[PDB]
Amino acid sequence: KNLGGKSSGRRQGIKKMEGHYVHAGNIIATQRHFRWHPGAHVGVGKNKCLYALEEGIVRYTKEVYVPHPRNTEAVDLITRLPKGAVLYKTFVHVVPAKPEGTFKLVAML
Amino acid sequence: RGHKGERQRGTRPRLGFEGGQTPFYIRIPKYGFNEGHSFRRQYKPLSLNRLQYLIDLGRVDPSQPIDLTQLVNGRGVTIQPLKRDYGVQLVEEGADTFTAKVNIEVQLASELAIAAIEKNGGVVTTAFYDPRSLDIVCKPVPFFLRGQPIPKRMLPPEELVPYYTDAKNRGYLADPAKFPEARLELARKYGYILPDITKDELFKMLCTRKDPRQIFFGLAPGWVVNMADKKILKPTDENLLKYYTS
Amino acid sequence: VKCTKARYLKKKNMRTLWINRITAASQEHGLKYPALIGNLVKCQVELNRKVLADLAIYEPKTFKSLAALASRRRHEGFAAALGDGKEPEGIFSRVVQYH
Amino acid sequence: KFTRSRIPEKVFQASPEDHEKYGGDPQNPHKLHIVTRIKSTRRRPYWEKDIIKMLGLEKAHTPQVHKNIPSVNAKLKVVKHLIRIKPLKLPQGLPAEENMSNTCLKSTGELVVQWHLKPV
RNA sequence: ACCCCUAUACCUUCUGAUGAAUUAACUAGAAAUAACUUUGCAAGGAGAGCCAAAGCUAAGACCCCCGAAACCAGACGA
RNA sequence: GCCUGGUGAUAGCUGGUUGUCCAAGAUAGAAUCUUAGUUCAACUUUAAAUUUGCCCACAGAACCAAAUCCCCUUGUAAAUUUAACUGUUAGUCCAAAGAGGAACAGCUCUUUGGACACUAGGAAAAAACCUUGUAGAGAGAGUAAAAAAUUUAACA
RNA sequence: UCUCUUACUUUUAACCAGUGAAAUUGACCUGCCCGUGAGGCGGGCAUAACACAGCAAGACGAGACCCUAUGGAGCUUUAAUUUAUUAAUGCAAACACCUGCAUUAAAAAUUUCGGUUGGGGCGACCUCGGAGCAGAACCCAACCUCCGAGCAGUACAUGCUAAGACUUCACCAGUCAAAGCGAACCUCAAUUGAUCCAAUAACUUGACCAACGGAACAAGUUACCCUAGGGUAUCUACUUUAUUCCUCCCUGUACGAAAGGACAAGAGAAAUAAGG
Ligand SMILES: [Mg+2]
Ligand SMILES: [Mg+2]
Ligand SMILES: [Mg+2]
Ligand SMILES: [Mg+2]
Ligand SMILES: [Mg+2]
Ligand SMILES: [Mg+2]
Ligand SMILES: [Mg+2]
Ligand SMILES: [Mg+2]
Ligand SMILES: [Mg+2]
Ligand SMILES: [Mg+2]
Ligand SMILES: [Mg+2]
Ligand SMILES: [Mg+2]
Ligand SMILES: [Mg+2]
Ligand SMILES: [Mg+2]
Ligand SMILES: [Mg+2]
Ligand SMILES: [Mg+2]
Ligand SMILES: [Mg+2]
Ligand SMILES: [Mg+2]
Ligand SMILES: [Mg+2]
């Protein structure tokens, strides 16, 4: 009497591991709950998927988690902590490769 | 054939059958990409690069009018009236580096191609041809073995009458009183001083058009070309002359 | 198919035939087959089984002297590996170095 | 599940007992290995089959020279059960262009650069 | 010649029972869209129609045998 | 009913498919009135174009075991793309991690890896265990795997 | 018929003479025991060759039973689709029959009766999502273990466009998205359905098509089912290798202590088997 459960794998996880060159708009990793958070130059979709906002190299770090004050779930999770207790998460960053443009000589007026 | 199945027996199903799920070529909505394909008109391009090329190699004589027969007999353009080509369209490719004084009769022409011809002292006009008429124009010699009198070419349909009656695109049914305004306007737009065709010696050649309802140049509808003993039989009955000179 | 798989068995059965004949002929002189072959290798006499079987049948004095050379070498192996330490090597125990 | 096997590093750390056993010096080690395949890649995983093809050991009992560098040592650690490794020792020098043709690798592991066929 | 030693008939169907006494004769791969190879000519090719942003023309090279119960039409039969 | 015709009916099913020699070549799946079949994919094959492929080191991949991904060096020689198509798939067993069953089955269902549908030697015979692969002749040689070991109970 | 069979005659038989089939048949130089997975393979054993007559243990040889085919046929219907055929009505045509158009009946006719399944059936199920199996990138089955879904709510820029990506192992579908123009200053996991066709001026809308990649609409059954499939002796071997019951005696002694009560060996009588 166990019907259902025939759903397939979502094929989620990391698409660009650390060190990988990444162009703008590449999906870095799709998750189902926030396993990785967006860091520098990384955006988030409605599906909690991390994509890239610049061209560069993906890096994963461990950072202090300080949520938005209007996020009453995580903020209520803060205030229960003891006085030294600091939350960390793993973040994903894109270190941007190129300069965003050069000055070039155009005309000798 | 492999092992004994349906592909060894010889009875694999038709092309497109996906074994029972609804096939690729049927899961997809009908959209009218090809809806009226065989009634759309087609026009073979003739670039000015191509036409300069034909004039340089002696294949098209620019000291005569360039009708569609002269582009076929020089084998510059292959046009097929079945497969519903309605003739040639001039194409602006090679407008710079087009150095020829010419008189072309081309069924469509872009503004920049008219500008490139009319800069050099040329004349463009856009004529119309029925499929019947176009078919007699391209290959005239297998028409004069058909025994029929020369027919009269029909006027455009209602879609194309506003095309061929405009002086901006040099219609053959337009005013010869609105042409200097249009030649003057292109000469102002594309920055060349408009030469007057009236001065030079080719002017009598650069003025000749055949009127509507005339397929060939020096001939008239209703004539029967006798290729064999090199004659032209002309009708003199009044009813035929009312019908052919209509 | 039998005719081509029998080439392997021709070679094999000749060799066991030679080991039977060398075994028999060396048992005539008290040696056993492993003793003879081992202690002739150890004298750098690199005769093979075909030749030893043919000497056993057709030249039994050469075969007797080969059995004497192999049992002498066998005893020097015993006496050498009994009185252990720095000593003079056996006479037939010496090897010829090639460079 | 049968998987690829990591081997810990304590396995590849010699003891002075082992320097007494084999003929090695931890200071000034050897440059070149001689590797020989002495076991089949059949009934072995496909990764070991590959490493045997990379090291150039498709034929058994045929010696191959390698560098004693950690990359080649990593590949050798994967297939160390199929091969035999000995140091290439060189009693005389490495062969010059004069002695290039007249060499012979002996069984001992040494590579002699003058190979006559006369007795001493 | 045998004795010695080695040697689990063939086809087909399965991951690993079928059919065949034997001989002779008969008895089962048919299509040139596209691609490829080789020529011709080449912004054109083709002996009209057709194709053409290096193409077009020509050729070569690819697609089995036997076997139901049936259904229908018209006859012949008490 | 039987005969002739349609009729070479149709058959995803059974059976059969004829010279030589060489080469490359075996196990993901998804749909389906579908599980005796097909289509796409995967794998396979040829031709072509190009440039990397494989092995991999640090660093790196989440909160609520074995390992893998990623990956420069290095060791190697392949890979991807383009063109054109066929064929194959309930695999079996062994080792390992498990599920169902009786911690039965030469039982059923997944995963990783071997081997077998490719050779030879061994294990009695022997698809799947061990040794071993690339092809010929030799009346040469060195080897690999490879032979089951056990025998008992006095008592103050 | 049987205990329990016996004798004889005929036929058959067997031999001699004439005449002379058939089913069968891969090739055979066609042994036993154990083992393997058995005339043939392994280990043992056996072993001159050859007819003729027998025997029937083995070799070699229909009728059932189950399943499958998007294979047939028949039967019953309140399966589906018809009413061409009859019979009635009704309306037109015509001045009752006939013709035309509807409608109701009978008689039939055409076609169908999905799938999963430790063979099959009942039961249960068929699509989508979460968790375990499957501990750490991705993927991973089961008539495996447990939860759920087929919506609701808010907003009306839930506008238009567009680099780059992910992707349920194909395709189809799905997802994410910077910049831009225009403006302000979506939550939830699943929460769903192709094409054709309809409806609509248009924008759009249309299935528990849930058998959820969906045939535009077709049930039960056949022990009458049917078809295609799947699960007269040739050879070997063989054909002349004394028990029991009862009686009696010893003895009603041994032994026991009384009750009790032997053996053995002997005589008997029986019965069976074996041989005459
Ligand atoms: Mg699941
Ligand atoms: Mg699944
Ligand atoms: Mg040998
Ligand atoms: Mg054959
Ligand atoms: Mg009668
Ligand atoms: Mg057929
Ligand atoms: Mg079929
Ligand atoms: Mg090969
Ligand atoms: Mg369906
Ligand atoms: Mg089928
Ligand atoms: Mg890399
Ligand atoms: Mg007779
Ligand atoms: Mg048996
Ligand atoms: Mg047999
Ligand atoms: Mg007999
Ligand atoms: Mg059918
Ligand atoms: Mg995919
Ligand atoms: Mg269905
Ligand atoms: Mg379905």
# chains A, B, ... in the order shown; residues from 1 in each chain; ligands from 1
call {"tool": "residues_near_ligand", "arguments": {"ligand": "ligand 2", "cutoff": "9 Å", "atoms": "only C-alpha atoms (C1' of nucleotides) and all ligand atoms", "output": "PyMOL selection string"}}
result
(chain A and resi 5-9) or (chain G and resi 140-141+168)
call {"tool": "residues_near_ligand", "arguments": {"ligand": "ligand 13", "cutoff": "9 Å", "atoms": "only C-alpha atoms (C1' of nucleotides) and all ligand atoms", "output": "ChimeraX atom specification"}}
result
/G:34-36,38
call {"tool": "atom_distance", "arguments": {"atom1": "atom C1' of residue G:208", "atom2": "atom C1' of residue G:192"}}
result
11.9 Å
call {"tool": "closest_atom_pairs", "arguments": {"of": "chain G", "to": "ligand 9", "cutoff": "10 Å", "atoms": "only C-alpha atoms (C1' of nucleotides) and all ligand atoms", "output": "JSON lines"}}
result
{"residue": "G:114", "atom": "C1'", "partner": "ligand 9", "partner_atom_place_in_ligand_line": "1 (Mg)", "distance": 8.4}
{"residue": "G:211", "atom": "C1'", "partner": "ligand 9", "partner_atom_place_in_ligand_line": "1 (Mg)", "distance": 7.6}
{"residue": "G:213", "atom": "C1'", "partner": "ligand 9", "partner_atom_place_in_ligand_line": "1 (Mg)", "distance": 7.8}
{"residue": "G:214", "atom": "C1'", "partner": "ligand 9", "partner_atom_place_in_ligand_line": "1 (Mg)", "distance": 6.6}
{"residue": "G:215", "atom": "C1'", "partner": "ligand 9", "partner_atom_place_in_ligand_line": "1 (Mg)", "distance": 7.2}
call {"tool": "residues_around", "arguments": {"residues": "stretch 28-40 of chain F", "least_positions_apart": "6", "cutoff": "10 Å", "atoms": "only C-alpha atoms (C1' of nucleotides)", "output": "PyMOL selection string"}}
result
(chain B and resi 5-7+12-13+15-23) or (chain F and resi 12-13+90) or (chain G and resi 68-70+114-116+139+169-171+211+213+215+229-230)
call {"tool": "write_last_selection", "arguments": {"atoms": "C-alpha atoms (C1' of nucleotides)", "output": "PDB file, in the first residue's frame"}}
result
ATOM      1  CA  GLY B   5      12.623  -9.192 -34.988  1.00  0.00           C
ATOM      2  CA  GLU B   6      10.624  -6.810 -37.154  1.00  0.00           C
ATOM      3  CA  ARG B   7      13.628  -5.144 -38.792  1.00  0.00           C
ATOM      4  CA  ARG B  12       9.780  -1.786 -39.884  1.00  0.00           C
ATOM      5  CA  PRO B  13       7.038   0.881 -39.654  1.00  0.00           C
ATOM      6  CA  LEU B  15       9.170   7.027 -41.320  1.00  0.00           C
ATOM      7  CA  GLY B  16       8.158   9.157 -38.365  1.00  0.00           C
ATOM      8  CA  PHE B  17       6.466   6.409 -36.340  1.00  0.00           C
ATOM      9  CA  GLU B  18       7.920   6.557 -32.822  1.00  0.00           C
ATOM     10  CA  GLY B  19       6.597   3.162 -31.758  1.00  0.00           C
ATOM     11  CA  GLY B  20       3.352   4.430 -30.245  1.00  0.00           C
ATOM     12  CA  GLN B  21       4.007   7.749 -28.500  1.00  0.00           C
ATOM     13  CA  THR B  22       2.743  10.687 -30.512  1.00  0.00           C
ATOM     14  CA  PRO B  23       5.427  11.416 -33.107  1.00  0.00           C
TER      15      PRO B  23
ATOM     16  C1'   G F  12       5.879  -7.586 -34.093  1.00  0.00           C
ATOM     17  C1'   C F  13       5.558 -15.245 -34.650  1.00  0.00           C
ATOM     18  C1'   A F  90      14.974  -9.437 -19.196  1.00  0.00           C
TER      19        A F  90
ATOM     20  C1'   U G  68       1.453 -14.604 -25.500  1.00  0.00           C
ATOM     21  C1'   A G  69      -0.322 -12.163 -30.461  1.00  0.00           C
ATOM     22  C1'   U G  70      -2.492  -4.203 -30.493  1.00  0.00           C
ATOM     23  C1'   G G 114      -5.733  -1.804 -22.322  1.00  0.00           C
ATOM     24  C1'   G G 115      -1.456  -2.828 -19.253  1.00  0.00           C
ATOM     25  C1'   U G 116       1.654  -4.313 -14.364  1.00  0.00           C
ATOM     26  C1'   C G 139      22.348   9.012 -11.867  1.00  0.00           C
ATOM     27  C1'   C G 169      19.445  10.315 -18.471  1.00  0.00           C
ATOM     28  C1'   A G 170      16.417  10.985 -25.924  1.00  0.00           C
ATOM     29  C1'   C G 171      12.581  13.984 -27.955  1.00  0.00           C
ATOM     30  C1'   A G 211      -5.002   3.671 -18.930  1.00  0.00           C
ATOM     31  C1'   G G 213       3.060  10.787 -24.620  1.00  0.00           C
ATOM     32  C1'   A G 215      -6.930   5.714 -30.813  1.00  0.00           C
ATOM     33  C1'   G G 229       4.411 -19.449 -31.093  1.00  0.00           C
ATOM     34  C1'   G G 230       6.567 -19.758 -25.917  1.00  0.00           C
TER      35        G G 230
END
call {"tool": "closest_residue", "arguments": {"among": "B:48, B:91, B:28, B:77", "to": "chain E", "atoms": "only C-alpha atoms (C1' of nucleotides)"}}
result
B:77
call {"tool": "interface_residues", "arguments": {"of": "chain D", "to": "chain C", "cutoff": "10 Å", "atoms": "only C-alpha atoms", "output": "list in words"}}
result
residues 112, 114, 115, 116, 117, 118, 119 and 120 of chain D
call {"tool": "write_last_selection", "arguments": {"atoms": "N, CA and C atoms", "output": "tab-separated table (two decimals), in the first residue's frame"}}
result
chain	number	residue	atom	x	y	z
D	112	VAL	N	75.16	-1.59	-18.11
D	112	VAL	CA	76.56	-1.57	-18.46
D	112	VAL	C	76.68	-0.95	-19.84
D	114	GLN	N	79.51	-0.96	-21.75
D	114	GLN	CA	80.41	-1.67	-22.64
D	114	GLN	C	80.10	-3.15	-22.52
D	115	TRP	N	79.48	-3.70	-23.56
D	115	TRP	CA	78.98	-5.06	-23.48
D	115	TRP	C	79.71	-5.91	-24.50
D	116	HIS	N	80.86	-6.42	-24.09
D	116	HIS	CA	81.58	-7.39	-24.89
D	116	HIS	C	80.92	-8.75	-24.64
D	117	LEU	N	81.38	-9.77	-25.34
D	117	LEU	CA	80.83	-11.10	-25.14
D	117	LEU	C	81.96	-12.09	-24.90
D	118	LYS	N	83.00	-11.54	-24.31
D	118	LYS	CA	84.20	-12.26	-23.97
D	118	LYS	C	84.13	-12.56	-22.48
D	119	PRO	N	84.78	-13.62	-21.97
D	119	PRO	CA	84.91	-13.78	-20.53
D	119	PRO	C	85.98	-12.86	-19.96
D	120	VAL	N	85.86	-12.52	-18.68
D	120	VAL	CA	86.86	-11.71	-18.01
D	120	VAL	C	88.10	-12.58	-17.75
call {"tool": "residues_near_ligand", "arguments": {"ligand": "ligand 15", "cutoff": "9 Å", "atoms": "only C-alpha atoms (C1' of nucleotides) and all ligand atoms", "output": "list in words"}}
result
residues 52, 53, 54 and 233 of chain G
call {"tool": "closest_atom_pairs", "arguments": {"of": "stretch 76-95 of chain F", "to": "stretch 48-65 of chain E", "cutoff": "12 Å", "atoms": "only C-alpha atoms (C1' of nucleotides)", "output": "Markdown table"}}
result
| residue | atom | partner | partner_atom | distance |
| --- | --- | --- | --- | --- |
| F:84 | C1' | E:62 | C1' | 11.9 |
| F:85 | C1' | E:62 | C1' | 9.7 |
| F:86 | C1' | E:62 | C1' | 10.3 |
